[PDB]
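Here's a solo chain for you in structure tokens, the form deposited without N-oxalylglycine (OGA).
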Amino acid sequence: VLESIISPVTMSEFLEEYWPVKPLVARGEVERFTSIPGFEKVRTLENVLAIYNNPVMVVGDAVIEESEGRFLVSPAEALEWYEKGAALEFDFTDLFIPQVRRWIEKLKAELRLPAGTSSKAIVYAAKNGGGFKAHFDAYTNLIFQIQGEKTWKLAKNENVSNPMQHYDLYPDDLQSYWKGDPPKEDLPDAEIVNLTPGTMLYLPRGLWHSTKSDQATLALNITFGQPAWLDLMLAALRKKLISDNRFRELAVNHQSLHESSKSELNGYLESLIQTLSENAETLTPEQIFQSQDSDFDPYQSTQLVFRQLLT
């Protein structure tokens, strides 16, 4: 489906040789991006604004400067912002082009991704280039450069294997799987790719990356979540224990309780703990698999409905 974009890499090969850990770069004529449905509605800045009934993110030294200390803004007032140096991000663009939504969903299935995985489109736009510093995300991306050139640094992440959080060149959960020392800010010793119109970059989860640019760019970014097994399993375990009213009862700050009544609670918890262990022990792979439509990314979830409501 995508296979017109990445041709001559097959898809079989994309899934065996590349996804979900090694980036793939695919050069070609920008024209061939038309095989995506809705692509026309996103080929230029003006096309996007024509369609984007939602608040637009604006990012720039021109905001620090017009706030003496990043924000949202009406689409009407957005070209004004762009013409003053300042990057625009149009999140959840798929909301306004149903055809690309239909596609992304087909893509989702092709990537054998869990059905409840988050998926959105975003367009980035900046008149005097820009970029961002070294960091890794927990999402995976297709990036389609439509206009301009952006220069990308890419670097295998040797510190963490399958990260579940964004990080910038450590949070309480990363320290638990971080190993070794980080790479230098300039990502020296990193693969350097310059994305030009018609270039598609598949950006796997966790790959260190930074960008520099000094030309007007326009890019369609497609973002998927990477739900881990942990996620489905806890969901499944949650399905199991949720009917037991004991597990529903309002939890309580330990610190609050007195000495005496605390002890009494350790008895109750220990016993809940037994039931959670018995229930875990009887988890089947089906039960895990059937939890594949749960929300694994409430943070994208809330953002999606909120933008629906602002529409």
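The numbering used is simple: start at 1 and walk along the sequence shown. So that the term is clear: the rigid core is the largest set of C-alpha atoms that superpose within 1.5 Å between two forms.
Separately, the form solved in complex with N-oxalylglycine (OGA) exists; it is not shown, and the next lines address it.
- Proximity to N-oxalylglycine (OGA) in the entry with it bound, taken as a non-hydrogen atom within 4.5 angstroms, holds for one residue of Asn141, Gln147, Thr117, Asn159, which is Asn141.
- Contact with N-oxalylglycine (OGA) in the entry with it bound, judged by any heavy atom within 4.5 Å, is made by just one of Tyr170, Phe132, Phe71, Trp229: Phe132.
- Contact annotation for the candidate site: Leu203, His209 and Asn221 all lie close to N-oxalylglycine (OGA) in the entry with it bound (heavy atom within 4.5 Å).
- Within 4.5 Å of some heavy atom of N-oxalylglycine (OGA) in the entry with it bound lies at least one heavy atom of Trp152.
- Proximity of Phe96 to N-oxalylglycine (OGA) in the entry with it bound falls outside the 4.5 Å heavy atom cutoff.
- Residue contact check for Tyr124: one or more of its heavy atoms lie within 4.5 Å of N-oxalylglycine (OGA) in the entry with it bound.
- Exactly one of the stretches 124-132, 71-79, 98-106, 183-191 approaches N-oxalylglycine (OGA) in the entry with it bound with heavy atoms within 4.5 Å, and it is 124-132.
- Residue showing a CA shift of 2 Å or more between this form and the one not shown (rigid core superposed; candidates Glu110, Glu80, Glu158, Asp214): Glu80.
- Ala62 shows a C-alpha shift of 2 Å or greater between this form and the one not shown [criterion: core-superposed Cα displacement of 2 Å].
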